Amino acid sequence: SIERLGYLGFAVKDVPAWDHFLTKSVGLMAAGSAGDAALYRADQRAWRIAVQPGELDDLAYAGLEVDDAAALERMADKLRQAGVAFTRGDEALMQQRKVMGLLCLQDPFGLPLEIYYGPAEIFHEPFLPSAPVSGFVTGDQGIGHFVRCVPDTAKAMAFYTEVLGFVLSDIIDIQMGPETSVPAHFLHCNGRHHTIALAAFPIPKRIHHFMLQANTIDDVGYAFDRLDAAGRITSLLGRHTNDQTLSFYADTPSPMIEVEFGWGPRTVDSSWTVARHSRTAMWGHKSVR
Amino acid sequence: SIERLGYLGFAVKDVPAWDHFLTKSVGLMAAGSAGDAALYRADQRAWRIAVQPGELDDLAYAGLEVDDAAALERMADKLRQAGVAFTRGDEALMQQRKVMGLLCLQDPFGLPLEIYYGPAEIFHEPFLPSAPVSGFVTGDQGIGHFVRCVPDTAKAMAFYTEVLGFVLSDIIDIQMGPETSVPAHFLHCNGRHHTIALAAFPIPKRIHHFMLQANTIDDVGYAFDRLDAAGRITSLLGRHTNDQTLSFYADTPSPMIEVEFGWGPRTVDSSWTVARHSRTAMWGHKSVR
Amino acid sequence: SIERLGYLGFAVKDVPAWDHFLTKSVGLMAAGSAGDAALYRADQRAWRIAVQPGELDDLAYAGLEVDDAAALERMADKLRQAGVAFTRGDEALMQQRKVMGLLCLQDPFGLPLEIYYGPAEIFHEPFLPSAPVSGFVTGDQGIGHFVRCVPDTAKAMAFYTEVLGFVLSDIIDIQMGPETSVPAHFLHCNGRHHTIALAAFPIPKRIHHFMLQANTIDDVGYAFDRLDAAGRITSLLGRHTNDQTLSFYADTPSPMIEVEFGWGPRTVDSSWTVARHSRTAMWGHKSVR
Amino acid sequence: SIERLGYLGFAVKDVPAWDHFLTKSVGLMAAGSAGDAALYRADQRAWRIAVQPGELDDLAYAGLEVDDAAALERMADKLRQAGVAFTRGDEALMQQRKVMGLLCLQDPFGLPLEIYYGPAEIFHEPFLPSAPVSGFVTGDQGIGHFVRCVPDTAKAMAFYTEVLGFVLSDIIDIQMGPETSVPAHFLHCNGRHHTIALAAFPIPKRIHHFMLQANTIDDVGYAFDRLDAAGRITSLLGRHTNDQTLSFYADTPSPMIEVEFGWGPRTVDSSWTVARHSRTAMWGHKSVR
Amino acid sequence: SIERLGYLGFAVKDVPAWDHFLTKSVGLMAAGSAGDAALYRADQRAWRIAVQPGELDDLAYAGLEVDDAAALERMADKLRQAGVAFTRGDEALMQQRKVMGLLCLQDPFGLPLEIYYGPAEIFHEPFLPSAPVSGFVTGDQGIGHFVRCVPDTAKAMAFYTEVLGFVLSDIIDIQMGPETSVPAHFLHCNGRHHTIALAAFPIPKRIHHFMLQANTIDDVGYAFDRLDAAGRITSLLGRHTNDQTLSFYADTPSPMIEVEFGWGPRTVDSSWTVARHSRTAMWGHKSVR
Amino acid sequence: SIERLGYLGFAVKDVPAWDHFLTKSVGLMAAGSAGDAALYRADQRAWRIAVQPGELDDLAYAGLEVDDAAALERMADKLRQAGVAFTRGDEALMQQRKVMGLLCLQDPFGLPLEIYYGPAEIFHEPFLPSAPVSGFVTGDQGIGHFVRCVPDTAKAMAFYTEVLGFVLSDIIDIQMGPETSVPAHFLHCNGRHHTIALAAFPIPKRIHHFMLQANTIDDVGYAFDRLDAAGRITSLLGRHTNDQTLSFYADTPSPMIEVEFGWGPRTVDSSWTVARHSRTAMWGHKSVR
Amino acid sequence: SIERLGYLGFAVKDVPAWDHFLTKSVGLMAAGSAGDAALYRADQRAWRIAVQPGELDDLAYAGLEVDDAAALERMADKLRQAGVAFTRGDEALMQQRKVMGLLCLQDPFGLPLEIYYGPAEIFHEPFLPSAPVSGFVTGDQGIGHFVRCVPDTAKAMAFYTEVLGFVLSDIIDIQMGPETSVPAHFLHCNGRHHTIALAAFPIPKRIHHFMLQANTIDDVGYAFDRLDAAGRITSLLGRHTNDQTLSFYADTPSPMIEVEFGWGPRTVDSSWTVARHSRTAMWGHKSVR
Ligand SMILES: [Fe+3]
Ligand SMILES: [Fe+3]
Ligand SMILES: [Fe+3]
Ligand SMILES: [Fe+3]
Ligand SMILES: [Fe+3]
Ligand SMILES: [Fe+3]
Ligand SMILES: [Fe+3]
């Protein structure tokens, strides 16, 4: 029922650092501010990523998008039935997020979520990258995806699939040590292979990384050099086994939070078949961190 | 449930003026008369626009099309259930409109509507424009669209969506003054971004303008010169934020009633997402009136 | 529910004449016999048209095809419920028609119909025309169409649509005299604009004509010369207003029964809209008979 | 060396008749006048066909187009070398024809020809047909073609090919009587199968007919009805053996001068092979005159 | 300079056998006769293959086609210069071959050749196969190809390439025995990989086989069954190493003369590179004879 | 022989103004400096436009590009033969222009030209617009075009065509007053309709305007708003008669020097035909200056 | 005049190492031997790369391919005229290289070259990679390219371009140190951006590296892992500035000789323009050696 991941908000110790990072390195377009949040664009939306000051140095909230007012009410009904606590956003928050309506809640482990509809668009102010990137693949598939760290994967799954409507794409057993592996669960809610992945990682953050998809392979290759020059590279170029995203990872200014910049993944449809993978990389992705 | 806007009828103080306007300027094909109404064609339909003498100088009625006899009966049932008053058209009116069946009613604010099915087509008399226009985009998306002025938008919405079946595409807050803006609601009932838009405008007419879509950009550019020569231009070429219709506006011979001539808008489908815009123009559309 | 018109059987006074006609003029492939019926092919089916001796000089029966055994049983249930009398074909008839199952019945006015499934195909004996025709458009749309003459159109309609599942495409008012016109009703049951049309014609036959669709326009042009040389032409080339079939008509050896040979008609889909036409010809089709 | 047939001028006894004919029947756009010549357009050229008063009731002259000033001078040199008499057009004639330069001459049998370059175009006045025709195929292939009647075909050939540069496409032996046939020679100077054809016909005119090519088959079918209603049809629809032009012929208001309206012919290229045909019609083209 | 192989003439001991073979097995269309030669068509040409009575039971002559009259004269000049004896065909022979002009000669080893231009075409009598074959690939690439047996390959090469203009495509060393192999030389004169191949085979005939190319793979598969039923198969289906023709061979009624029926070979262009192959078959082509 | 217009250099009274103009308004990418010239990029070239301080406020020089070293030498030979004075650029100038070789000269009326080869490209520094423009159409067609003002058009023509190799596309008679018109000559040297146009305009500058071609129509529409906001618009959107460039004009910071921003013009090829036009605008282009 | 690089032969100290390398790492297909040379295939050619024992540990010879026998003779004539010493290969060498003819020579600095024609192909033994690679891009563009180290670039250029016919694509100044850069010259002889590049590198080998082009990007990514596992990687993935080859470099078992494995480069045509680049990498290609 959730249609796609619409936006992301971070609370960070170094806002200027994040600002230079999202613009000069990632290529996002600086789009003013809202309250104490610096806004960044990747397309026609008024904003896609917000950065506000905070000791968390983590993802502060994620906006899950539905297609209309009725859709939002149906979601409220679903939350009620599932016994999930939520608060309807007030005029102030609606004004802040630039949405027509939203329900604020949390997943089983504390990550604030905001189900909303009616996002603001500013076509009269065409997107202009701050670095050389031909553009980002968003649209119906949203802004990108992120891997959510959870203490209990089965519990996170029930909520994301049963309450929010995400559908399992596949699983990848991620080798942690000699005989230690974590089964990462990749979920989709539209054509993007996965919008949210759940994994029991020994990480002190709400997420491992967030991913943005560029239009061309050169976008990625160019982006890799920009981040290598910034000395932020954590992995060499590679392609994933399940979604086939060709990408590289890099450190954001927030310790233990990374960004993935990729291109050309496979998409999901009705006939999608659940499968299991033993490795995350088809090829490449050698760790550099 | 209404499938598309099929026809439009105007009651005007200057019929010869409207006649020269629809033909020499807009390019429509004169198609004889019915009663005291001059008929005009834009394609294979026996008529699409009718012009009759009247002090109103406004839209007299709008024909909403359904795909068959059963569809019309289902609509009657819906009107009954909604408590909406209607009268089945008699042989005379059917003969006049050249339709197989129709229900006559009014929207909440007095605009006569006629739900019909089985329109007449005259393929043996191929459309021939009266001015240089390659053709119009009609077909499944109907004749075009119009913006309906209403005193109460919420009330108009309930009727058009709940009773007639239109679906909200998006909203554009139209700046009226210093701190005055009107939220225009754009509704679709097929692939055309919108067939009817509702807005609380301080206009003494039932509508602000009606829109026709030509096949090429040159059609529009050529049309702009024809209307500029007639001195009717009210806006320069531009493209809208929501549907991306590239067009210009011009005054019809009826004061405060305009026509929009455009090309290449985006179309709507199942996956359409409701959004909000702060401006009507992506670019251009500078007021000239 | 009927999926398409699968076959046609004629009972004629001059079988050799019909044989030379279907082969040398129309181009069908002679395919042996079954009982006292000469069989003719137009594609991979064991037969599409059968010709047997008889004083009728008219269509003897029409095979309406469904996609499987269950489909046929569902149709029997429907006939039962509608009070329509029918007999399940015996081994003998199944053997004769080369089908896996069939129900024999009659429409409201005596035309024998046979609802069947599991037709026989002989791919090991590729279709070979008897005259120069690149091929026929059949497949999912069946063998072609025919216009059924009826005394009561409303009564025929109820049966064909309500009992058999055909859907109205459109209507054409056919001028008969000074102030006499017959509203022909065109029905579809798949992508072919119409498989059966009903009209109250003052003709002493069950049908006016049957139609076959060739692959190219040259097929038709070539066919016209072949039939003109046989002196059978009844109409010049033309294109119809509703389906846009480009064709010509010719007399079969059975008096008052004609054949239509055409190309490139428009096809029907979910979004089809019922409409009315005042003429049968878009252009051409001048009577020659 | 001649690049294409650019224009045609007729001298006729009934100008109003020719005017109604070229516009209401053929669909050409009336384009004012030059001297005592009424001009008609088929596309972006200022004019393509001119009609002036005269007892001839025949083609008065044909404009053969080259691509530039040098090209015209090279042609003058060629005429000089071939001993062909010519006169360079004066300012007056250049003004009249709306060309940048032209050489006036005659073919071996008296038909005035004008080799020119730099034709005038009026894109600011888009072509608008006077009858329903989607458009004409001109461009690099010129306005169309015409069949030139000559007393000596071998003599006409030497001139058109050796002096003017036309290249033989093929020949069609046209049966005249019991044992009388005329070998028509079809010549091209660009992609159009033929721009000029030569034949020893017992006709008292400089040409048999001129041909115009419409964009669609419906254009032709529609045109046939328009001319049949005018009672001018001389041949039924058909397709030619050599160029495969699908067309019909009709009488112009000038006795023994016809017009051919067609669609979809084959085009010529480098690899074209000369061939011989025994008939003019692939199919159709039955004489009606 | 020769443009393509246009026709073939055989002199055979059993004409009725060859007639049933070319029609019922190969699928060619019987096209009457000329003198004592039975003619057969494969497309729009008046004839492509001729069969006349004779003790030879071999290829009697091959028609090499040029694009026009000048081309033929240029070829005569070339023959003169090369000292090759030739005779211009008289009206009688021109009438017999249905060509506009031809030069009769012989290759270095006695095979009569006829260089001609202006072949006759009969589009008013569309090709109609005598057996199920969708059509043949001819056109600019001619009727097909044949392998010419010669006592001296170097001598044959000089003539075919130096005098007639054929260009070497490649060579295939054909294993004859333990340590005996014949280098077959494949020559092209257009896009067809080869129109004539030369090889020093111990065969008492002028040729080994002639080849015809069908439009689809099913054409070939179907043809194989037809000839297997006739018990004429000499090789199983296979694909050649150099041209990639997928085909099978079969015996004609003339002992030691075979026919090849194939599909989908590669074509030749300007950039073609000469190469050498050790086998004739890429796969398949197992001998059955 | 000149292959395309590679670069442009301006000498202006207000460099900061030109800098803000080329970047914020036009969208070019600032690319450092060379000597006292500020460089700007539109694609992969190290620079395309240079701006240096000077009282001229006009085009200082134009770089005409050839494909290699030999090409440049052939051009020197041509200049020698034509008696045109030129100087080979020294290491310093080569270093300044970033080219491998260049010849410096002047056209008949003082505009410095530099024929060069081997331009520098910096793919490792991807083009990044300074304003929202999807990109520019350059490549084989160079950077764009410019209209050169000359006192004697015939004299300018001889030089540009006879010495430099440009080819005339067409002419447009530009109405100056009541009975005063200037015949503008448009020249091409590649697929771009024209790279240089010559016209006898009463302007005190070397050029009237220079033109840049964007990838999309939205690029232009967006650009128009940016320049209108800067209050520099001199013409409304429109499309030209000859090249069909859809564009608008605007004033550069240099008085009487304008810029044209357009999209979608037609391109030129071998078969191009010289023609004459009476107006510059197909539609639109209303003067605003 | 040389058409493409056909083959390469190496003389190496460790043949088994090279064998495992070309097969298990690169993916080439082992194809037996010739004399003391192990042969390897990448496509339909009998062999593309040969490896023989030798102390050189360098490229032993390069086969330059022409399209036919005449072409080879024309090349001999050219060598004679240029005073370049050469020896026609004997039966033995022809047998060894599997070519129909070849001329053996050396470039100005000792690298043996063999101009040949008529290479052997074995389609009956389809290419089968020894490692996972979808295939290689060869065909008309040959096997790949190599960078030739030379002491005098101007001298090497004159020979390769003036004697052998290669054409300069572009130049890249390769930074060697603080103020030391080597101008690498890239030459083409077909569509491949470059087949041979010349550069004054301080390397004790005849070449720096040879390049092979795979069909997909995954081929390269997969290949990179295979060679990284072998610990041979010398550069990370990257894309070149001039040809845009996306690739990585790796060490062959021969010290100071590398291999480049890439995909998707740009191709060259008639309109190619010579240009200069300051870096070899568009992005990536970070040194790892
Ligand atoms: Fe990821
Ligand atoms: Fe509108
Ligand atoms: Fe019909
Ligand atoms: Fe004609
Ligand atoms: Fe063969
Ligand atoms: Fe311009
Ligand atoms: Fe390389």
# chains A, B, ... in the order shown; residues from 1 in each chain; ligands from 1
>>> interface_residues(of="chain D", to="chain F", cutoff="6 Å", atoms="only C-alpha atoms", output="MDAnalysis selection string")
chainID D and resid 67:68 118:121 123:124
>>> residues_near_ligand(ligand="ligand 2", cutoff="7 Å", atoms="only C-alpha atoms and all ligand atoms", output="ChimeraX atom specification")
/B:145-147,209-211,260
>>> write_last_selection(atoms="N, CA, C and O atoms", output="CSV table (one decimal), in the first residue's frame")
chain,number,residue,atom,x,y,z
B,145,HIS,N,-10.6,20.4,-22.7
B,145,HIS,CA,-11.0,20.7,-21.3
B,145,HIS,C,-11.4,22.1,-21.0
B,145,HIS,O,-11.4,22.9,-21.9
B,146,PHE,N,-12.0,22.3,-19.8
B,146,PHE,CA,-12.4,23.7,-19.5
B,146,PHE,C,-12.3,23.8,-18.0
B,146,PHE,O,-12.4,22.9,-17.2
B,147,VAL,N,-12.0,25.1,-17.5
B,147,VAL,CA,-11.9,25.4,-16.1
B,147,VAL,C,-13.2,26.0,-15.7
B,147,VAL,O,-13.7,27.1,-16.2
B,209,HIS,N,-11.9,29.4,-19.3
B,209,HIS,CA,-11.5,29.2,-20.7
B,209,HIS,C,-11.8,27.7,-21.1
B,209,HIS,O,-12.0,26.9,-20.2
B,210,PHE,N,-11.8,27.4,-22.4
B,210,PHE,CA,-11.9,26.0,-22.8
B,210,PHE,C,-10.6,25.8,-23.6
B,210,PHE,O,-10.0,26.7,-24.1
B,211,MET,N,-10.1,24.5,-23.6
B,211,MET,CA,-8.9,24.2,-24.3
B,211,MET,C,-9.0,23.2,-25.4
B,211,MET,O,-9.7,22.3,-25.3
B,260,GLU,N,-7.8,28.4,-25.0
B,260,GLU,CA,-6.4,28.0,-24.9
B,260,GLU,C,-6.1,27.1,-26.0
B,260,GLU,O,-6.9,26.2,-26.3
>>> residues_near_ligand(ligand="ligand 1", cutoff="12 Å", atoms="only C-alpha atoms and all ligand atoms", output="PyMOL selection string")
chain A and resi 144-148+184-187+192-199+207-213+238-250+258-263+265+280-281+285
>>> write_last_selection(atoms="C-alpha atoms", output="mmCIF file, in the first residue's frame")
data_model
loop_
_atom_site.group_PDB
_atom_site.id
_atom_site.type_symbol
_atom_site.label_atom_id
_atom_site.label_comp_id
_atom_site.auth_asym_id
_atom_site.auth_seq_id
_atom_site.Cartn_x
_atom_site.Cartn_y
_atom_site.Cartn_z
ATOM 1 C CA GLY A 144 16.057 5.594 -3.964
ATOM 2 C CA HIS A 145 16.425 2.999 -1.191
ATOM 3 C CA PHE A 146 18.020 2.373 2.190
ATOM 4 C CA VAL A 147 19.083 -0.568 4.297
ATOM 5 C CA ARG A 148 17.505 -0.538 7.730
ATOM 6 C CA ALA A 184 19.402 -9.389 4.445
ATOM 7 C CA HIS A 185 15.775 -9.030 3.331
ATOM 8 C CA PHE A 186 15.113 -6.775 0.349
ATOM 9 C CA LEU A 187 11.623 -5.270 0.007
ATOM 10 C CA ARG A 192 12.468 -0.526 -7.825
ATOM 11 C CA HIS A 193 13.953 -3.900 -6.834
ATOM 12 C CA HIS A 194 13.943 -2.662 -3.271
ATOM 13 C CA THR A 195 13.064 0.537 -1.493
ATOM 14 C CA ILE A 196 13.850 -0.801 1.993
ATOM 15 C CA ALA A 197 16.055 -3.737 3.010
ATOM 16 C CA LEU A 198 16.172 -5.165 6.538
ATOM 17 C CA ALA A 199 19.251 -6.768 8.079
ATOM 18 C CA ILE A 207 20.655 2.489 8.567
ATOM 19 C CA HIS A 208 23.758 1.225 6.800
ATOM 20 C CA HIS A 209 23.450 3.375 3.662
ATOM 21 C CA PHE A 210 20.985 5.131 1.376
ATOM 22 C CA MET A 211 21.124 4.754 -2.410
ATOM 23 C CA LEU A 212 20.646 7.168 -5.318
ATOM 24 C CA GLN A 213 20.375 6.035 -8.950
ATOM 25 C CA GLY A 238 30.773 -3.375 -8.580
ATOM 26 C CA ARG A 239 27.388 -4.844 -9.417
ATOM 27 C CA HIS A 240 24.998 -6.490 -6.962
ATOM 28 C CA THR A 241 23.734 -10.069 -7.303
ATOM 29 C CA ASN A 242 20.033 -9.367 -6.764
ATOM 30 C CA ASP A 243 19.154 -5.966 -8.250
ATOM 31 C CA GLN A 244 22.222 -5.675 -10.479
ATOM 32 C CA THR A 245 22.796 -2.089 -9.391
ATOM 33 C CA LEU A 246 26.237 -1.089 -10.710
ATOM 34 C CA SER A 247 27.646 1.156 -7.999
ATOM 35 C CA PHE A 248 30.273 2.146 -5.443
ATOM 36 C CA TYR A 249 29.889 3.081 -1.781
ATOM 37 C CA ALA A 250 31.321 6.058 0.054
ATOM 38 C CA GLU A 258 27.376 5.499 3.818
ATOM 39 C CA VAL A 259 25.946 6.461 0.460
ATOM 40 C CA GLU A 260 25.619 4.248 -2.584
ATOM 41 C CA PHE A 261 25.762 5.808 -6.053
ATOM 42 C CA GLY A 262 24.589 3.460 -8.788
ATOM 43 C CA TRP A 263 23.143 2.821 -12.218
ATOM 44 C CA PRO A 265 19.580 -2.073 -11.753
ATOM 45 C CA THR A 280 26.170 -9.307 -2.366
ATOM 46 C CA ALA A 281 28.489 -8.780 -5.309
ATOM 47 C CA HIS A 285 32.618 -4.024 -4.834
#
>>> residues_around(residues="residue 254 (chain C)", least_positions_apart="3", cutoff="8 Å", atoms="only C-alpha atoms", output="PyMOL selection string")
chain C and resi 12-14+57-58+251+257-258
>>> write_last_selection(atoms="N, CA and C atoms", output="short mmCIF file (atom, residue, chain, number, x, y, z; two decimals), in the first residue's frame")
data_model
loop_
_atom_site.label_atom_id
_atom_site.label_comp_id
_atom_site.auth_asym_id
_atom_site.auth_seq_id
_atom_site.Cartn_x
_atom_site.Cartn_y
_atom_site.Cartn_z
N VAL C 12 -25.92 -25.38 -51.18
CA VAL C 12 -26.12 -24.72 -52.46
C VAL C 12 -26.58 -25.57 -53.64
N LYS C 13 -27.30 -24.94 -54.56
CA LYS C 13 -27.79 -25.63 -55.75
C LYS C 13 -26.67 -25.99 -56.73
N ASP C 14 -25.61 -25.19 -56.77
CA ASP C 14 -24.51 -25.46 -57.69
C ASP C 14 -23.17 -25.59 -56.96
N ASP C 57 -29.56 -22.66 -50.88
CA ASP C 57 -28.73 -21.65 -51.52
C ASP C 57 -28.51 -20.54 -50.49
N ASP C 58 -28.21 -20.95 -49.26
CA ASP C 58 -28.01 -20.00 -48.17
C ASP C 58 -27.04 -20.56 -47.14
N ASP C 251 -21.08 -11.13 -56.14
CA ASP C 251 -22.12 -12.14 -56.00
C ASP C 251 -21.51 -13.54 -55.92
N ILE C 257 -26.85 -13.69 -52.33
CA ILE C 257 -25.86 -13.95 -51.30
C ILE C 257 -24.56 -13.42 -51.88
N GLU C 258 -23.92 -12.48 -51.19
CA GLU C 258 -22.68 -11.91 -51.68
C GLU C 258 -21.50 -12.19 -50.78
#
>>> select_by_dssp(residues="region 155-197 of chain C", states="strand (DSSP E or B)", output="list in words")
residues 167, 168, 169, 170, 171, 172, 173, 174, 175, 181, 182, 183, 184, 185, 186, 187, 188, 192, 196 and 197 of chain C
>>> write_last_selection(atoms="N, CA, C and O atoms", output="tab-separated table (two decimals), in the first residue's frame")
chain	number	residue	atom	x	y	z
C	167	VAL	N	-21.00	-8.02	-28.17
C	167	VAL	CA	-21.07	-6.64	-27.68
C	167	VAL	C	-21.24	-5.66	-28.84
C	167	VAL	O	-20.52	-5.73	-29.84
C	168	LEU	N	-22.19	-4.73	-28.72
C	168	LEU	CA	-22.44	-3.78	-29.79
C	168	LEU	C	-21.29	-2.82	-30.07
C	168	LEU	O	-20.79	-2.14	-29.17
C	169	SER	N	-20.88	-2.76	-31.33
C	169	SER	CA	-19.81	-1.87	-31.73
C	169	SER	C	-20.43	-0.53	-32.10
C	169	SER	O	-20.10	0.51	-31.52
C	170	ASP	N	-21.34	-0.55	-33.06
C	170	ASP	CA	-21.98	0.67	-33.48
C	170	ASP	C	-23.16	0.37	-34.37
C	170	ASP	O	-23.50	-0.80	-34.60
C	171	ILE	N	-23.79	1.43	-34.87
C	171	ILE	CA	-24.95	1.31	-35.73
C	171	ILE	C	-24.78	2.19	-36.97
C	171	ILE	O	-24.17	3.26	-36.90
C	172	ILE	N	-25.31	1.72	-38.09
C	172	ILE	CA	-25.29	2.49	-39.34
C	172	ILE	C	-26.71	2.50	-39.89
C	172	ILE	O	-27.30	1.45	-40.14
C	173	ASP	N	-27.26	3.69	-40.08
C	173	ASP	CA	-28.60	3.78	-40.63
C	173	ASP	C	-28.43	3.64	-42.13
C	173	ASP	O	-27.82	4.49	-42.78
C	174	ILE	N	-28.95	2.55	-42.67
C	174	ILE	CA	-28.82	2.28	-44.09
C	174	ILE	C	-30.04	2.74	-44.87
C	174	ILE	O	-31.13	2.17	-44.75
C	175	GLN	N	-29.85	3.79	-45.66
C	175	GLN	CA	-30.93	4.34	-46.47
C	175	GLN	C	-31.45	3.28	-47.42
C	175	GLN	O	-30.69	2.71	-48.20
C	181	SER	N	-35.08	3.80	-43.82
C	181	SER	CA	-33.71	3.45	-43.47
C	181	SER	C	-33.69	2.33	-42.42
C	181	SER	O	-34.54	2.29	-41.52
C	182	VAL	N	-32.74	1.41	-42.56
C	182	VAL	CA	-32.62	0.29	-41.65
C	182	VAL	C	-31.39	0.44	-40.76
C	182	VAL	O	-30.27	0.57	-41.24
C	183	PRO	N	-31.59	0.44	-39.43
C	183	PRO	CA	-30.47	0.58	-38.49
C	183	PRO	C	-29.73	-0.74	-38.31
C	183	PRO	O	-30.19	-1.62	-37.57
C	184	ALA	N	-28.60	-0.88	-39.00
C	184	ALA	CA	-27.80	-2.10	-38.91
C	184	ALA	C	-26.99	-2.08	-37.63
C	184	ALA	O	-26.34	-1.08	-37.32
C	185	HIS	N	-27.04	-3.17	-36.87
C	185	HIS	CA	-26.31	-3.29	-35.61
C	185	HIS	C	-25.12	-4.21	-35.77
C	185	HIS	O	-25.27	-5.39	-36.09
C	186	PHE	N	-23.93	-3.66	-35.53
C	186	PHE	CA	-22.68	-4.39	-35.67
C	186	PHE	C	-22.14	-4.88	-34.32
C	186	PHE	O	-21.87	-4.08	-33.43
C	187	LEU	N	-21.99	-6.20	-34.19
C	187	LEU	CA	-21.52	-6.80	-32.95
C	187	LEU	C	-20.15	-7.48	-32.99
C	187	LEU	O	-19.80	-8.17	-33.96
C	188	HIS	N	-19.39	-7.31	-31.91
C	188	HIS	CA	-18.08	-7.93	-31.81
C	188	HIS	C	-18.01	-8.87	-30.62
C	188	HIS	O	-18.82	-8.78	-29.69
C	192	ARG	N	-12.03	-8.08	-33.79
C	192	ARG	CA	-12.62	-7.77	-35.08
C	192	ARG	C	-13.81	-6.85	-34.83
C	192	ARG	O	-14.71	-7.20	-34.06
C	196	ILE	N	-20.60	-10.42	-36.28
C	196	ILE	CA	-21.99	-10.59	-36.73
C	196	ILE	C	-22.68	-9.23	-36.65
C	196	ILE	O	-22.52	-8.51	-35.66
C	197	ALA	N	-23.41	-8.89	-37.71
C	197	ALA	CA	-24.17	-7.64	-37.77
C	197	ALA	C	-25.62	-8.06	-37.99
C	197	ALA	O	-25.88	-9.03	-38.68
>>> atom_distance(atom1="CA of residue 20 (chain C)", atom2="CA of residue 44 (chain E)")
25.1 Å
>>> atom_distance(atom1="CA of residue 113 (chain B)", atom2="CA of residue 61 (chain B)")
5.5 Å
>>> residues_around(residues="residue 231 (chain D)", least_positions_apart="2", cutoff="12 Å", atoms="only C-alpha atoms", output="JSON list (two decimals) with C-alpha atoms, in the first residue's frame")
[["chain", "number", "residue", "atom", "x", "y", "z"],
["D", 21, "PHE", "CA", -11.56, 21.85, -60.39],
["D", 25, "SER", "CA", -11.96, 18.56, -56.57],
["D", 224, "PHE", "CA", -12.29, 9.67, -56.40],
["D", 225, "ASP", "CA", -15.73, 10.37, -54.91],
["D", 226, "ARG", "CA", -15.28, 14.12, -55.30],
["D", 227, "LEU", "CA", -14.43, 13.75, -58.99],
["D", 228, "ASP", "CA", -17.08, 11.09, -59.59],
["D", 229, "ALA", "CA", -19.64, 13.50, -58.18],
["D", 233, "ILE", "CA", -13.90, 9.93, -63.67],
["D", 234, "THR", "CA", -12.18, 8.24, -66.62],
["D", 235, "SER", "CA", -10.77, 5.16, -64.87],
["D", 249, "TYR", "CA", -7.78, 9.10, -63.65],
["D", 250, "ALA", "CA", -10.24, 11.90, -64.30],
["D", 251, "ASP", "CA", -10.89, 14.47, -67.01],
["D", 252, "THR", "CA", -9.73, 18.05, -66.44],
["D", 253, "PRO", "CA", -11.97, 20.78, -67.92],
["D", 288, "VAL", "CA", -14.82, 4.48, -67.58],
["D", 289, "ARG", "CA", -14.49, 7.46, -69.96]]
